[PDB]
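Before any comments, here is the structure.
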Amino acid sequence: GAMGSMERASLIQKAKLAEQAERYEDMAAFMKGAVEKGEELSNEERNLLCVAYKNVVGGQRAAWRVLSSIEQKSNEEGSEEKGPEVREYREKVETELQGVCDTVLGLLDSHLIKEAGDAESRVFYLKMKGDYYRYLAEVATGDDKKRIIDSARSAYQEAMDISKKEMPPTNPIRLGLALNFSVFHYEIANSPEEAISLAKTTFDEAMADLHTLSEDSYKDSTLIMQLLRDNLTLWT
Amino acid sequence: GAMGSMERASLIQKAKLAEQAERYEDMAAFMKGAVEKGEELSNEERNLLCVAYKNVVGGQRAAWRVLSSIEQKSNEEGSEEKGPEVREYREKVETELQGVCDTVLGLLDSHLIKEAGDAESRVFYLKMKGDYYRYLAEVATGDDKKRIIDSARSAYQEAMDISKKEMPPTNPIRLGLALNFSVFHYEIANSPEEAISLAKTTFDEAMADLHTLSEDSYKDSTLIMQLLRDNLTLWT
Amino acid sequence: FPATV
Amino acid sequence: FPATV
Ligand SMILES: *SCCNC(=O)c1ccccc1Sc1ccccc1C#N
Ligand SMILES: *SCCNC(=O)c1ccccc1Sc1ccccc1C#N
Ligand SMILES: [Mg+2]
Ligand SMILES: [Mg+2]
């Protein structure tokens, strides 16, 4: 790998510089190099990995949705035949997106998840595995689409089981996992009732635990609780 | 080149799709492929070329300025030594920026400018040559920095001479050229008085010609006149 | 789209 | 920064 000759600490330093410069592709390449050094990631370093790939794949998903919408309109009655170009370019963006997801899933499988023993790291990585299978599911249409969906579900479910056993209901990693698994139910699994039930139960059980928190922990937890409420407002 | 097998019309079609998806690196690669087909560009196609590289190099300049600022702060008294990483990463971004500028200048030299006979295309391309030498000048510090600055000046000057002879004072290409040459004077050539004089004279001579214009031409010209006024307000 | 983190 | 087009 092109980052093999750079110090782990220098890769982390440059990931933070890339974030400041809004150079998220660079940030992801630096964090990929850091993971491939083979040492476990700290809490801060896990955040940097999350931020880098969230921004990269988020831009790809946004672009894929624009192109897919144009493609759908071109396949409407009375639409003028414009040739293969829209499908080709949507496929190009889709293929790059799948490549990014496969890269992230590869880092989690080699070997972030198997070395993560603490609940905070293990739930973080398993949620991430669910997320990037979810992005693969968003563009999937083939023989393995159901298996891609079930790979997302299985990763999310394992993260949920651990988070319920090992973390308080206000833990931001637990809350963020529930937020995203709820979105998986709504948008991927055709299960809006499960999506709404999960978001509501997660919100209510966090509300009841806020009294235990410091001001700074309260801020983190209520921030994600508001995202749960926002989704519930969208869905009801 | 990787676009050699794709039809010119398909490259233009996908450049417009990439613009809709805000995929400006793709847009630039498609327009580079279109230019390399060897045919002259239409007015619309010149716009697409401008848009693609403006967005790509604009992001690189923004990132370079963030990193350069961090680097300057690290070289202040009482700043803790953090190692070579900031300089290395600034150099990396700087090198990619220079690569983009060299690519654009290469397209103009092979062979867009020499085949451009109409004032509208020739002024557009020569202004573009001035612009991308200006971006090279922004990061230049070596033996050829004065020569880079003079390459920008010379391209701008040739475009100005043609635009004054062949275009009305409200022509948007002429106005945009004067806007950017004025910025060259202010930010690159250490000539704020020339910058202000050019922006003011350009604004006043366009104002006096607006009465000749249709509503739609008036909108284009006054839009750029307001950019001249904005710069004048910044500078006075 | 719904919020995710 | 100043405006350019
Ligand atoms: S990609 C970076 C943004 N997301 C997260 O930080 C993240 C990742 C996994 C689970 C939850 C969250 S959100 C979070 C986590 C810790 C502290 C605060 C917040 C928030 N908001
Ligand atoms: S990169 C696309 C934006 N810039 C320009 O369109 C451009 C390029 C060269 C000279 C002037 C201009 S601005 C312009 C040109 C034609 C019509 C309207 C406008 C504007 N505004
Ligand atoms: Mg495909
Ligand atoms: Mg250099």
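Residues are referred to by chain and number: the chain letter is A, B, ... according to the order shown in the structure tokens, the number counts from 1 in that chain, and ligands are numbered separately from 1 in the order shown.
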
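Around ligand 2, the neighbouring residues within 7 Å, taking only C-alpha atoms and all ligand atoms, come to residues 47, 50, 51, 54, 124, 172, 173, 174, 175, 176, 177, 220, 223 and 224 of chain B; 5 of chain D.
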
Could those selected residues go to a file with C-alpha atoms, as a PDB file, in the first residue's frame?
ATOM      1  CA  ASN B  47     -18.400  26.920 -20.476  1.00  0.00           C
ATOM      2  CA  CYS B  50     -14.392  26.415 -17.460  1.00  0.00           C
ATOM      3  CA  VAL B  51     -16.867  25.114 -14.861  1.00  0.00           C
ATOM      4  CA  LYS B  54     -12.776  26.080 -11.815  1.00  0.00           C
ATOM      5  CA  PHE B 124     -11.892  33.072 -23.407  1.00  0.00           C
ATOM      6  CA  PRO B 172     -19.449  39.213 -20.434  1.00  0.00           C
ATOM      7  CA  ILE B 173     -16.215  37.543 -21.562  1.00  0.00           C
ATOM      8  CA  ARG B 174     -14.529  40.950 -21.771  1.00  0.00           C
ATOM      9  CA  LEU B 175     -15.943  41.878 -18.352  1.00  0.00           C
ATOM     10  CA  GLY B 176     -14.860  38.622 -16.746  1.00  0.00           C
ATOM     11  CA  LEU B 177     -11.383  38.991 -18.204  1.00  0.00           C
ATOM     12  CA  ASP B 220     -25.425  38.888 -17.713  1.00  0.00           C
ATOM     13  CA  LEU B 223     -24.054  40.442 -12.840  1.00  0.00           C
ATOM     14  CA  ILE B 224     -20.353  40.793 -13.623  1.00  0.00           C
TER      15      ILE B 224
ATOM     16  CA  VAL D   5     -15.021  34.124 -12.910  1.00  0.00           C
TER      17      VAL D   5
END

At a cut-off of 6 Å, can you tabulate as a Markdown table every residue of chain A near chain B together with its closest atom pair and the distance in Å to one decimal, using only C-alpha atoms and ordering rows by chain then number?
| residue | atom | partner | partner_atom | distance |
| --- | --- | --- | --- | --- |
| A:21 | CA | B:63 | CA | 4.8 |
| A:63 | CA | B:21 | CA | 4.8 |
| A:66 | CA | B:21 | CA | 5.8 |

Can you check which residues of chain B have any atom within 7 Å of chain D? Use only C-alpha atoms and format it as a count of residues only.
-> 6

Per-residue nearest contacts chain A to ligand 3, cut-off 8 Å, using only C-alpha atoms and all ligand atoms, as JSON lines:
{"residue": "A:91", "atom": "CA", "partner": "ligand 3", "partner_atom_place_in_ligand_line": "1 (Mg)", "distance": 5.2}
{"residue": "A:92", "atom": "CA", "partner": "ligand 3", "partner_atom_place_in_ligand_line": "1 (Mg)", "distance": 7.9}
{"residue": "A:94", "atom": "CA", "partner": "ligand 3", "partner_atom_place_in_ligand_line": "1 (Mg)", "distance": 6.0}
{"residue": "A:95", "atom": "CA", "partner": "ligand 3", "partner_atom_place_in_ligand_line": "1 (Mg)", "distance": 6.1}
{"residue": "A:139", "atom": "CA", "partner": "ligand 3", "partner_atom_place_in_ligand_line": "1 (Mg)", "distance": 7.6}
{"residue": "A:140", "atom": "CA", "partner": "ligand 3", "partner_atom_place_in_ligand_line": "1 (Mg)", "distance": 7.5}
